[PDB]
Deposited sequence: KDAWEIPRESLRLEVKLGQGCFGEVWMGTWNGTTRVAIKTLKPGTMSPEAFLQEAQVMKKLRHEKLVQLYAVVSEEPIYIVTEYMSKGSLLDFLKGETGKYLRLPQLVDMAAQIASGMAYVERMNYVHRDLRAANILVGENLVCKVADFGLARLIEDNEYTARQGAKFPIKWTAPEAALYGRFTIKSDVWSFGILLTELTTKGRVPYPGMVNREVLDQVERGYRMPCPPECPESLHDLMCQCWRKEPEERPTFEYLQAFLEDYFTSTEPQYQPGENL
């Protein structure tokens, strides 16, 4: 084994927080002092080589079935649930952009570490205290055409999903391509269809999404660009922003 292995006895699963397939997620205490999250799996790790403030941190692992993966605890759960919850209705464009910046900053690290996530979506972003967001869990509606058809997943197919994730943020959690089943989405997107600008969303934020959805993967911006554009959005791109009714 490796230095990531711990004894199961050192773990204390208390509350169940997630009903999942091929597993479940539990909250608990580690070494009696640390609050942790434990993901159990039912009958390799890129999470060991990756470390960043905007990626959910691995703490330890029981590699003997029952398998337990111990990670840092994110107190508000999934970004999708957070957006569709009681507070999401109060999120305005400034908090939504800042959340996008944290995800972009996590993805920039993945990018310069030369890895690919393959399933970037609000469901896989975890929220913590203080609107902290972290990427986790390293689906056609979020997958780039070349990836969903030919299995060509690169950092640039993640950039595509990042754009869809922006539509999730600016709609407060709505599903992409409303009213469309998977087959019509793939058929229309191949013919050049792109989701329009969500209501009350500035055109400059939609312009960024369209950049993420360019057919040519190399023409799509990097996460480093995306991070800087969004961190600086209200000064350099939309200095005259004014809160509207629902954003």
Checklist entry - What ranges of the deposited sequence are left out of this structure? => result 44 to 54, 150 to 168
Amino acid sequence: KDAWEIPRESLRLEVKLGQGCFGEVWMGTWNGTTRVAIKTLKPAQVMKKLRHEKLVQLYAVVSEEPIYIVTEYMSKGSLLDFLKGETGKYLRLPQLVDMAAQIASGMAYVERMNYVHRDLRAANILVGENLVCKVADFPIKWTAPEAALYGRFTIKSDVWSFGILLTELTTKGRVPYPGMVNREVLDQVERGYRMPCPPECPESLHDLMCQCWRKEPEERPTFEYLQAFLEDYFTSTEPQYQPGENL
From here on, numbers count along this sequence of modelled residues.
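Rigid core: the largest C-alpha set superposing within 1.5 Å between the two forms.
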Next on the checklist: If the other structures are each fit on the rigid core, which stretch ends up farther away in C-alpha terms in 6 other deposited structures of this protein, 26 to 34 or 211 to 219?
Outcome noted: 26 to 34
Checklist entry - So which moves more in 6 other deposited structures of this protein by CA, 223 to 231 or 11 to 19, given a superposition on the core? => result 11 to 19
Checklist outcome for this item: Comparing 45 to 53 with 217 to 225, the higher average Cα temperature factor in the PDB entry belongs to 45 to 53
Checklist entry - Is the mean CA B factor in the deposited entry higher across 29 to 37 or across 188 to 196? => result 29 to 37
Checklist entry - Going by the entry, which third of its chain does the Cα temperature factor of residue 115 land in? => result middle
Item to check | CA B-factor placement of residue 73, once the chain's modelled residues are sorted into thirds | outcome: highest
Next on the checklist: Which third, lowest, middle or highest, does the C-alpha temperature factor of residue 60 belong to within its own chain?
Outcome noted: highest
Item to check | Position of residue 146 among the chain's modelled residues by C-alpha B-factor, lowest, middle or highest third | outcome: middle
Checklist entry - In terms of the CA temperature factor given in the entry, to which third of its chain does residue 94 belong: lowest, middle or highest? => result lowest
